[PDB]
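Here's the structure, in structure tokens; my notes come after.
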Amino acid sequence: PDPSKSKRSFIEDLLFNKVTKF
Amino acid sequence: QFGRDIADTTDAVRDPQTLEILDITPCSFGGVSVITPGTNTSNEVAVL
Amino acid sequence: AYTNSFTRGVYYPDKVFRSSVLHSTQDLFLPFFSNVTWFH
Ligand SMILES: *[C@@H]1O[C@H](CO)[C@@H](O)[C@H](O)[C@H]1NC(C)=O
Ligand SMILES: *[C@@H]1O[C@H](CO)[C@@H](O)[C@H](O)[C@H]1NC(C)=O
Ligand SMILES: *[C@@H]1O[C@H](CO)[C@@H](O)[C@H](O)[C@H]1NC(C)=O
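Residue numbers (this note's numbering), protein chains in the order written: chain A, 71 to 92; chain B, 638 to 685; chain C, 3 to 42.
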């Protein structure tokens with residue numbers, strides 16, 4: 071985890087950015 | 638005359654008496670969940 | 003004489019606002035790349 075960030079790692083953030091009623 | 642959402646539900650209208658455009662948000666609703674200790678422990682409850 | 007219509011002749015098919023959406027509708031339209039008799 072990166073403490074500057076939602077405290078995910080770097081790769082663990084790429085994995086979030088790659089993925090995407092009443 | 639009127640706007641529609643992605644699922645084809647009504648979303649906005651003109652007022653028939655004034656060409657201002659007004660949106661239609663659904664009125665607030667949701668489940669009621671009762672958080673309870675067992676009735677063997679207490680008759681107090683909290684509601685979500 | 004004749005000419006290519008290209009992609010022209012689309013019109014708003016109903017009195018409805020929509021935005022940020024792809025909507026599929028059946029109506030009379032100018033079919034794409036259709037021959038268009040040309041005059042002068
Ligand atoms: C319709 O009549 C109302 C008065 O009842 C008036 O305030 C409104 O401006 C009129 N709207 C139009 C567009 O004629
Ligand atoms: C709670 O349940 C136990 C049995 O599981 C019973 O013996 C006890 O008397 C109960 N206490 C109350 C306050 O209901
Ligand atoms: C338009 O008509 C000509 C003959 O006049 C034909 O050769 C051509 O293929 C036609 N174009 C289309 C898009 O059908």
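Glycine included, each C-beta is placed from N, C-alpha and C at the ideal position.
Hey, quick one: how far does the beta strand (DSSP E) through residue i stretch, first residue to last?
| i | result |
| --- | --- |
| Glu681(B) | Careful: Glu681(B) lies outside any beta strand (DSSP E) and carries neither H nor E. |
| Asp660(B) | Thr655 to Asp660 |
| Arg651(B) | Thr647 to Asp652 |
Return yes when the Cβ of residue j is within less than 7 Å of the Cβ of residue i, no when it is not.
| i | j | result |
| --- | --- | --- |
| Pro674(B) | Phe92(A) | no |
| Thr5(C) | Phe34(C) | no |
| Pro73(A) | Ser79(A) | no |
| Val682(B) | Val671(B) | yes |
Return helix, strand or coil for residue i, following the three-state DSSP convention.
| i | result |
| --- | --- |
| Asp83(A) | helix |
| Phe92(A) | coil |
| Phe34(C) | coil |
| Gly640(B) | strand |
| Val12(C) | coil |
| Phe666(B) | coil |
| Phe19(C) | strand |
| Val671(B) | strand |
Measuring straight from C-alpha to C-alpha, what distance separates residue i and residue j?
| i | j | result |
| --- | --- | --- |
| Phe666(B) | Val684(B) | 15 Å |
| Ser76(A) | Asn680(B) | 39 Å |
| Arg641(B) | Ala649(B) | 7 Å |
| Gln28(C) | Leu84(A) | 42 Å |
| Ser7(C) | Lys75(A) | 54 Å |
| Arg20(C) | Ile643(B) | 8 Å |
| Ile658(B) | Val12(C) | 25 Å |
| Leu656(B) | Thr646(B) | 21 Å |
| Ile81(A) | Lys17(C) | 48 Å |
| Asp660(B) | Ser26(C) | 24 Å |
| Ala3(C) | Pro15(C) | 30 Å |
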